[PDB]
């Protein structure tokens, strides 16, 4: 049984764990520096201030996933465009948590004057691309070797969903 709800500062340690795991063992985050609670508290506050959602998926009283969206491009002209992110705990995959989280964001976006959702996915992450496509996202394009991690060049596949 999984329940999604708005996150609170109390959920930050569980969100941090998921975040730091992606930083170390995935290409979902293009950064190699783990953050501390204070860093996630600032991140959480920044989202709250802008009215951006932060949703957690609760499994066994623990945070098994989280999702949020925010600026895609920092310009007033993009007011109606937001870039979303969805993360599922390494030990909670295969339960459909990912799709429920993304759907939760789509629903919030649609009611938050959001016209377009943008996804920045590591090009080789087939699971993520298929998840987005299953939700109506369309492939915009693939940027070649724009990122680097694990000592290798990474491509960025962007997708869009008009609301």
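Residue numbers count along the first chain shown, from 1.
A.B. asks: Can you let me know which of the two, 46 to 54 or 90 to 98, has the higher average C-alpha B-factor in the entry?
C.D. replies: Between 90 to 98 and 46 to 54, it is 90 to 98 that shows the higher mean C-alpha B-factor.
A.B. asks: Output the stretch having the higher mean C-alpha B factor in the entry; the candidates are 136 to 144 and 21 to 29.
C.D. replies: Between 21 to 29 and 136 to 144, it is 21 to 29 that shows the higher mean C-alpha B-factor.
A.B. asks: Looking at the C-alpha B-factor of residue 109, is it in the lowest, middle or highest third of its chain?
C.D. replies: Its C-alpha B-factor, which the entry lists for residue 109, ranks in the middle third among residues of this chain.
A.B. asks: Which third of the chain does residue 123 land in by C-alpha B-factor: lowest, middle or highest?
C.D. replies: Middle third, going by the recorded CA B-factors of the chain.
A.B. asks: Place residue 61 in the lowest, middle or highest third of its chain's C-alpha B-factors, as listed in the PDB entry.
C.D. replies: CA B-factor rank for residue 61: highest third.
A.B. asks: Compare the C-alpha B factor of residue 7 with those of the other modelled residues in its chain, then answer lowest, middle or highest third.
C.D. replies: It belongs to the middle third of the chain when residues are ordered by C-alpha B-factor.
A.B. asks: Should residue 37 be placed in the lowest, middle or highest third of its chain by the C-alpha B factor in the entry?
C.D. replies: Middle third of the chain for residue 37's C-alpha B-factor.
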